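piece number one of the complex, untouched:
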Amino acid sequence: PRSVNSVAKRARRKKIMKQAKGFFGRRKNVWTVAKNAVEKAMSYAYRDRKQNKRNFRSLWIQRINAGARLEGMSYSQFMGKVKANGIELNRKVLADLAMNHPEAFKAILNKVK
Amino acid sequence: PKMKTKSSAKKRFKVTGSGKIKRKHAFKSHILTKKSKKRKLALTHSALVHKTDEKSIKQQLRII
Amino acid sequence: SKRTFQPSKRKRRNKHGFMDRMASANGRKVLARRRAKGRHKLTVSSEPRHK
C-alpha cells in the first residue's frame, strides 16, 4: 500500500526548528538555514564545555593571586607553601574565600606562612 | 530463469569426487621436441584447479 | 522581413485537404490515426468556410 510520512515529516523538523529561536534573519524560520545553524550550534555547545572548566580555573587563579599579593606574596609561592603544608583546598574555595572572607584568607596565609 | 552452464567450462573442468575440480595441463600441443621429457611427463597427468580460481570455475559451472 | 507562413486558402486545401488525404494509401492512415486518438478536428478541411 501507498505510505506517505506527511505529518511526521514536518513534525520532525518543527522540533529541530523550535530551538533556533532568537536567531538573526532567516535562521529562525527557513528550514534549510535553521537546520544548518542548529547543528553548528550543537557542535559549538559540545565544545566550550571543556573550555568552561579551564576558563573558570584561570579566574580563580587570578583572584587568588590578587588576594595573595595584598600580603606581600605571589601566587606561585603561596600555592607552593600551601601544597607543601597539608591543606588540600581547591582554587574555587580559595578564590571564594579571597573574595568574600578576607579574614579567613589572611588567616590561611598566616598559617601557611 | 534457469542458470545456463558455460560450455567452454563444461567441456573442460571435470568435477572430482568430493569438492575439487580436475583439469588438464597446457603447453603440450605442438613444440614438444625441444622440451625436456621431465616437463612433458609432468604436464601429462591431470591437475586440480587452484583455490584462487575455484570460485570463478564454480561460478562458470553453476555450482555457487 | 518575410515570414515562413504566407496563407492561402487554396494552397492549403490542395495540400492538406480531406480529398488530398483520401487520395493516397498512406495519407488515408492519418485519418485512421486521428479518429483512433479522438481528435475533434480532423484535417484542415474541418475549418468552416466563409458564409
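Thanks, I have it. Numbers count the residues shown, from 1 in each chain, chains lettered A, B, ... in the order given.

Helix, strand or coil: sort out residue C:35 for me.
Recorded secondary structure, residue C:35: helix (DSSP: H, G, I helix; E, B strand; the rest coil).

what's the burial count for the spatially closest residue to it that is not a sequence neighbour?
The spatially closest residue to residue C:35, leaving aside those adjacent along the chain, is residue C:42, at 7.6 Å (C-beta to C-beta, 6 or more residues apart in numbering or on different chains). C-beta coordinates here come from the backbone N, C-alpha and C atoms, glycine included. When neighbours are defined as other C-beta atoms under 10 Å in any protein chain shown, residue C:42 has 13 of them.

ditto for residue A:22
Using other C-beta under 10 Å, residue A:22 has 7 neighbouring residues.

and it, what helix or strand is that in?
Using DSSP states H and E, residue A:22 sits within no helix or strand.

Give me the distance between it and residue C:44.
Residue A:22 sits 68 Å away from residue C:44, going by C-beta to C-beta, to the nearest Å.

Go ahead and add RNA strand D:
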RNA sequence: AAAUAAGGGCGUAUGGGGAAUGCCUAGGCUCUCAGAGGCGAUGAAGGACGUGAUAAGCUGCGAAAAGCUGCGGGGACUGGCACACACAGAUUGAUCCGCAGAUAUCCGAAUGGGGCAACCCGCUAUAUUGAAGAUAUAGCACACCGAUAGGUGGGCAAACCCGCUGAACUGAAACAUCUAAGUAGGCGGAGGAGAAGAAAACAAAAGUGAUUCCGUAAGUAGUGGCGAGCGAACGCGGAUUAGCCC
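Below, RNA strand D sits with the chains from the block before:
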C-alpha cells in the same frame, strides 16, 4: 488621547497570502467467474447542418427531427442536464422500463458527372404556366456471374492467429562470422478462435500408435571466431479424445 530611536534586532498576539496536511468521493488500476467477438450498397465507423412555449452549450433525435406505433411491466405524477416566471398533458390510466417496428437531411466505400468533404452541375420517364428561368418522385458507378428477371464484393474497426517481406541500436568490454531477431515495422485474408492433425511416424530386439497444451526429461545430447551465446529429442505423468472422403 498617549507614546516616539530617523530606523533596525529579538519574543508574544492579531491580520492578509497561499495552498500543503486531515477527512470524503463523481473517477481510475489489476483481476476472477460465465458469455460474445463485429458494423456496412435495405448505405457503415466518423462528422456537418438542423430540431425546444422559452434555447448559449451538453444529451437525445433527424424535415414524422428532447420525438411516432405495437406487445408486455408498472400505478401518480410528467414536459433531459434546468431551476424561475409560466403554459399544458395525465386514473378514460399518462411519465418511465424490456422487446419488436416506422421515419432517418447533407458529407463520408459515396456508387449519375465533377470537386477545394458537408458543395456545384446533369440524362431518361411522368406532373406543375411547361415554355424559357426553374421545380416534385423514380431510375442512372465499378468488378464477377445468371443465359435471362437479378445476386455477390468494395469500406471501417481492439487483441489473438496465418502467409509474404523485414532492420538497426545493443552483446561479444574493439569488430566483420554470430547475437539482438525472424524482434520492431510494412502488406493481405479468415474465425471465435486460428494453425496443426490421422504416419512414406517414433522406437530398438521390448514396444507405442492422429493433432494441440501443461510438468519433468534438461540447461542434458549437441551447436558455437568451440568466443559471446544458442539449445533439442526419446521416454514418463496429465487435460481432451474422432475419425473419415476422392
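
With RNA strand D now part of the structure, what is the answer for the neighbour count of residue C:42?
When neighbours are counted by other C-beta under 10 Å, residue C:42 comes out with 13.

ok, now which ones touch it?
Residues in contact with residue C:42, defined by C-beta atoms under 8 Å, 6 or more residues apart in numbering or on different chains, are C:18, C:31, C:34-35.

what helix or strand does it sit in?
Here residue C:42 is assigned to no helix or strand, by DSSP H and E.

Which members of the contacts of residue C:42 additionally contact RNA strand D?
C:18, C:31, C:35 (C-beta under 7 Å from any atom of the strand).

Tell me the one among these nearest to residue A:49.
Residue A:49 lies nearest to residue C:35 out of those, by C-beta to C-beta, at 77.8 Å.

which SSE is the residue lying closest to residue A:23 once chain neighbours are set aside in?
Distances taken as C-beta to C-beta, 6+ apart put residue A:37 closest to residue A:23, at 6.1 Å, once the chain neighbours are dropped. Element membership of residue A:37, judged by DSSP H and E, is helix A:31-46.

What are the buried residues along that helix?
A:33-34, A:37-38 (16 or more other C-beta atoms under 10 Å in any protein chain shown).

also put RNA strand E on there:
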RNA sequence: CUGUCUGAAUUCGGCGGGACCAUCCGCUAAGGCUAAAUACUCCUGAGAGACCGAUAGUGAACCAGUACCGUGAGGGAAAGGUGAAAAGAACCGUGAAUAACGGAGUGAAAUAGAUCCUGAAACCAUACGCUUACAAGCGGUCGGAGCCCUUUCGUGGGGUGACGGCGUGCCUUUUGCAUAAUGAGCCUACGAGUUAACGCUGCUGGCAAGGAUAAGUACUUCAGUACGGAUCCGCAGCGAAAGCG
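Time to bring in RNA strand E:
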C-alpha cells in the same frame, strides 16, 4: 522447401532408422476435410482487492484528446469539496456607485458569504516588552549585570540582553577546500538498491538413510482437505572410454 538444369520403377516396387553400404524393423509420398483440450479483450452481466484517493490513480474524477503550439504529421496541459436543506444576505446607512464595508434577518456556525470544509510554510504588515547612533568579520556557543511577566515561592520558569572568552556555513570531488573548485533564491508536494525465475552462505523448523512433490484430479460453505511418486537430491568412486568397483 526450391530459383536454374537434369531426371526414375510399380509391390521380388518405393521411403526412413543423422555420411554411406549389406541384413533386420517401421511406413506406403507426390489429393482433401476434421470438434475438444490452447491465446486475446473494442465489449457484455455479476463480483473482489493487506489497489490509488486529486502533483496519486488512465493524458483526461471538472464541457479532455479540450484550451494552447505547428503549414502538416503531430505534441499536449491546469482545473473536486459552502451548507443537513440555499434558507445564497429582504431592508437601512457611508459612498457617485448593484466597488467595498458596517448593521439587520438564515444557520449550530457568515473568522461556513459563493477565491465559500479544516486550512500550515515561504512571504507581506500592525500593537506591545527589552535593547540599539565610538563601533569591524559563518551572526553562534560558554559566562554575565540591568530591565519586564509568572510563580508550588524557588541554589523556579519565560523574554530581551550592556560587557568578556572561543569560533573562516553545508554537500560533492580530492594527497590536500574558508577556499577565489561544484551545487542550491526560499517554502510546500513528488523523487532514486524493488520484483520474478534459477542458486549460495548465516539463523530457525519438519522428517531422517532417507527427504520432497510438479502438472493434474475429487469433495466443498470455492482466487480458499485428500490424492497424485512422473520426477529431483543424497546413499560409491576412479578412468577420455571399454570397464572395474
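
Check the neighbour count of residue A:22 one more time with RNA strand E there.
Neighbours around residue A:22, by other C-beta under 10 Å: 7.

how about it, what does it touch?
Contacts for residue A:22 (C-beta under 8 Å, 6+ apart) come out as residue A:28.

repeat for residue C:45
Neighbouring residues of residue C:45 by C-beta under 8 Å, 6+ apart: C:13, C:16-19.

Which two of these have the greatest separation?
Greatest spacing in the contacts of residue C:45, by C-beta to C-beta: C:16 and C:19 (10.4 Å).

So between the two, which is more surrounded?
Between residue C:16 and residue C:19, residue C:16 has the larger neighbour count (other C-beta under 10 Å), namely 14 against 10.

pretty sure the more buried one contacts residue C:43?
Yes. In this structure residue C:16 lies within contact range of residue C:43 using C-beta atoms under 8 Å: 5.8 Å.

Quick one: name the residues of chain A near RNA strand D.
Neighbours of RNA strand D within chain A, by C-beta under 7 Å from any atom of the strand: A:4, A:6-7, A:21-25, A:28.
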